[PDB]
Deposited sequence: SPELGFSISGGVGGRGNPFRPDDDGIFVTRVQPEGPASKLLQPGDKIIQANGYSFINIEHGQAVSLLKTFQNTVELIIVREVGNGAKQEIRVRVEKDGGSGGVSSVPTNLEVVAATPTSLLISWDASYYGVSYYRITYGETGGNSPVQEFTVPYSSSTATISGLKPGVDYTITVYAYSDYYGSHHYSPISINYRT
């Protein structure tokens, strides 16, 4: 579970980054306002070292796993374009610091579909996964994902008069290794 208050993209073999197409480094991507990094880091900063560990040649998951194990304060060295060619190497110190989401509800229902909602939180989440299946059933769940900016989803193709269990998972990383405690409801169509 995140406590530095920013996201990263990039890494060798990763999904790339929105700043520099041909650079496989690690880049600060979104920064939580009023979070630990808010005065110090900005989108597009390339992380080259953290607590003495090189982030050159590192894979995405390796970077995430390293950053997550660091205790308390994290010293980062980043490269920032200022930037007509011009570059700065900046050393900063960032001090780390239920379910996600909360208040899962059905807003509207038809005999074969449900519109669900949950509380919008626009930071800390890479994407949501929504699962649904017959309550107590043994078949694999059906599922889909929605972006971090969503606080509603429509579930379609349901059987009328059947009990369903609906669960929402909020993943902090894009590769789906960490989710927060999920939230579920039961609903009968």
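Counting the deposited sequence from 1, the single stretch lacking C-alpha coordinates is 98-103.
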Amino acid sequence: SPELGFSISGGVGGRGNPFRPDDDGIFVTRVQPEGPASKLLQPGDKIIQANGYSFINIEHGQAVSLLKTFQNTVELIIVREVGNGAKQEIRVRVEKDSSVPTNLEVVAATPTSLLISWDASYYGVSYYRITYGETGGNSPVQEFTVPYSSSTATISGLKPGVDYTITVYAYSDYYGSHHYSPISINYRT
From here on, numbers count along this sequence of modelled residues.
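The PDB entry reports B-factors from which the mean C-alpha value can be compared for 4-12 and 180-188; the larger average falls on 180-188. When the C-alpha B-factors of 168-176 and 15-23 are averaged, 15-23 comes out higher. Per the deposited record, 161 carries the highest C-alpha B-factor of all listed residues (161, 124, 147, 133). The PDB entry gives the largest Cα B-factor of the residues 30, 39, 46, 129 to 39. Among all modelled residues in its chain, residue 63 ranks in the lowest third by Cα B-factor. Residue 152: CA B factor in the lowest third of modelled residues in this chain (values from the PDB entry). Among the modelled residues of the chain, residue 115 sits in the lowest third by CA temperature factor in this PDB entry. When the CA B factors of the chain's modelled residues are split into thirds, the value for residue 78 lands in the lowest one.
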